[PDB]
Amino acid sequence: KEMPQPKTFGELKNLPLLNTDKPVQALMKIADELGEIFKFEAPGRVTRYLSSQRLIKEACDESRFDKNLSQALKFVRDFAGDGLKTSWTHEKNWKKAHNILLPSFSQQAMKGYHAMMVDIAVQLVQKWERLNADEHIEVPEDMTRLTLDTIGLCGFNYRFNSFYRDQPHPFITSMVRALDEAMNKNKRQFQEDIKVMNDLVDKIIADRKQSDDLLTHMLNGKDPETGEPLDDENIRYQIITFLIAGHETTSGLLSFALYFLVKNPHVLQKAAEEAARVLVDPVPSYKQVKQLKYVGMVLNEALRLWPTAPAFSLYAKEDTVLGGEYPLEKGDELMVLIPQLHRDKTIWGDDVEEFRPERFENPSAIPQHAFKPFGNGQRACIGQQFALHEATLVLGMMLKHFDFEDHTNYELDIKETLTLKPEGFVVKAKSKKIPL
């Protein structure tokens, strides 16, 4: 009945616990000590961190809880506006934009994105096959090049041309600094950086003046409910939203996937063997990517251990009781600590920290709400299928074309922004000399 709570810092309460460069991993350690639920207090704020499937499946009851904007999302809202990810469910523009943009993430839409995904994936393979002997790969940096370019091309027919650069694009230079101010919360840079983004979004809009992409549905798509299309201001927020949401969590997944592969050679061989027998053409087709089952299992197990969007927030729609012993009042917050939920020994067994993609051969074997890397309910990730198709294509192409070596025997160091990434992860790729 009484909720545990970590150590306090006087009038600052629990807030200095987050004054660290790895806040998610610190919260995981607290969850290891205090268990499935603990209170977290800050000046002006109270929330509860859930970490067990037993409590989180109740929090995922959409009749009792709705998506809440965490403090991290409130700061992203200062430039993402009422885009899909930083709007409340009751805001008119959420459901409107939701109804207009859901078709562009359908299976018929994924078939149309596929050619442009392969375009960027080929650029990645050719960069690696053009390396000299004893040169290494900076994995998360190259994966960020790929995912940013994919969403730019597939979504808006804009070429960031990240593989022609050392220093990333001027647009995201503002982003990582603007997102830095958001996570760290200099105010001059934030305002000057926010303008830089709107200036790109203008170039992307003016240039569209054909195509079958996200940007088309935003200018021409009409919400069946209200009959209205999106107004100019909201489209600009969606572009910013999709540029951000569309790349960084996907590049973390690919980076973590390759990390776990080179640390588990038995899993690597099974995935490489599948890639070899399935990807028989010089360019993978859409149907061939759907056939990479074990590769998809690899990606899901990487998302289990290190889900790159590591939390989401909920609030109680009415007075209710959680787990039969924790009464909540209307408006109270919850935080779903996804990495801890995915380490629930009562769901996954004792080998939670081991990388075994074989857990995911049967999706029906996994209990309800035990696996939530993409959020929950109507506010779940709209880009899930985009993300998994791109990552499966790219990982399959990587496994087909190269043998990989953990030549520094890398020690996992997870850098935390609002997402997770293995920092300093480097490998060597020995080409298999299979032409494209």
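The numbering used is simple: start at 1 and walk along the sequence shown.
The gap between residue 130 and residue 131 holds no unmodelled residues of the deposited sequence. The entry shows an unbroken chain from residue 290 to residue 291, with no unmodelled residues of the deposited sequence in between.
Comparing 172-180 with 259-267, the higher mean C-alpha B-factor in the PDB entry belongs to 172-180.
Between the stretches 85-93 and 198-206, it is 198-206 that shows the larger average CA temperature factor.
Between the residues 351, 149, 274, 142, the entry's highest C-alpha temperature factor is the one at 351. Between the residues 138, 301, 119, 361, the entry's highest C-alpha temperature factor is the one at 361. The deposited CA B-factor of residue 43 belongs to the highest third of values across its chain.
Among the modelled residues of its chain, residue 294 has a C-alpha B-factor that falls in the lowest third, as given in the PDB entry. Among the modelled residues of the chain, residue 35 sits in the middle third by CA temperature factor in this PDB entry. Residue-level temperature factors show residue 60 in the highest third of its chain, judged at the C-alpha atom. In the deposited entry, the Cα temperature factor of residue 409 places it in the highest third of its chain's modelled residues.
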